[PDB]
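Here's the structure we're looking at; comments come further down.
Protein chains: 2
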Amino acid sequence: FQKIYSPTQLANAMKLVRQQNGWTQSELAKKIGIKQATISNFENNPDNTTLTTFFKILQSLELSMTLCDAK
Amino acid sequence: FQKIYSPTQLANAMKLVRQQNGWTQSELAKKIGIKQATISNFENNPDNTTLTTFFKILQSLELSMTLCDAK
DNA sequence: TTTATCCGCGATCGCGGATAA
DNA sequence: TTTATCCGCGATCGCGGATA
């Protein structure tokens with residue numbers, strides 16, 4: 004768990020968490036009630052993703068976030 | 004620095020950091036080059052706010068984020 | 001099976017700009 | 001001075017759905 008500085012970095016880290024637990028986009032989507040396509044857009048093109056989508060996906064991954072010093 | 008679970012909670016936490024440092028929306032917006040209106044929409048209505056905006060505002064605040072376990 | 005891409009649709013974004021208050 | 005709100009604009013969202 005490290006500091007995250009961009010949407011791309013964020014999406015890559017969460018995608019890795021998804022893969023490391025062997026979850027599919029479809030099963031995560033079903034779990035929180037959004038489209039599989041929405042998870043695919045977030046993983047690939049996270050820049051315009053809504054905060055609401057990010058939080059729903061975070062919950063699906065059994066994750067949360069905290070703020071920290073940029074340093 | 005607490006676990007954050009929603010856009011509102013995130014926006015409230017970041018607004019608080021802005022105020023605790025005595026920073027105005029205008030000076031943050033000018034610092035990273037976005038609209039003052041954009042920071043205002045984020046603070047009040049964060050749900051559909053983009054990941055790009057959220058990250059720009061974090062940088063303006065000298066903040067970063069980290070993922071963690073949801074518990 | 002898994003993931004990425006496309007349609008139309010209604011909604012909202014963030015922009016420049018100008019207010020409102 | 002500070003922050004919230006509105007306009008028009010082009011872009012993109014996330015939706016149900018159906019492909020690639």
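One line per chain: the protein sequences are A and B, in this order. Quick note on numbering: the first sequence equals residues 4 to 74 in UniProt numbering. Quick note on numbering: the second sequence equals residues 4 to 74 in UniProt numbering. Each residue gets a CB set at the ideal place from its N, CA and C atoms; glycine is no exception.
_For A/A73, tell me which candidate among B/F4, B/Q23 and B/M68 has the shortest Cα-Cα distance._
B/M68
*How is residue 108 of chain A classed by DSSP in three states: helix, strand or coil?*
Nothing can be reported for residue 108 of chain A, as the shown portion of chain A is limited to 4 through 74.
*For residue 3 of chain B, does the three-state DSSP call read helix, strand or coil?*
Within the shown structure, residues of chain B are numbered from 4 to 74, placing residue 3 of chain B beyond reach of any answer.
*Which residues, in order along the UniProt domain "HTH cro/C1-type" (17 to 71) of chain B, keep a beta-carbon less than 9 Å from a beta-carbon of chain A?*
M17, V20, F45, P49, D50, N51, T52, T53, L54, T55, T56, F57, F58, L61, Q62, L64, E65, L66, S67, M68, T69, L70 and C71
*With DSSP as the reference, label A/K6 as helix, strand or coil.*
strand
*Where do the ends of the alpha helix (DSSP H) carrying A/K59 lie?*
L54 to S63
*Do the region 34 to 41 of chain B and the region 8 to 19 of chain B meet, that is, are 3 or more Cβ pairs less than 8 Å apart?*
no
_Mapping the DSSP letters down to three states, classify B/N48 as helix, strand or coil._
coil
_Where B/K18 falls: helix, strand or coil (DSSP)_ = helix
*Where A/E46 and A/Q5 are concerned, what is the direct C-alpha to C-alpha distance, given to the nearest angstrom?*
18 Å
_Backbone secondary structure at B/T11 - three-state DSSP_ = helix
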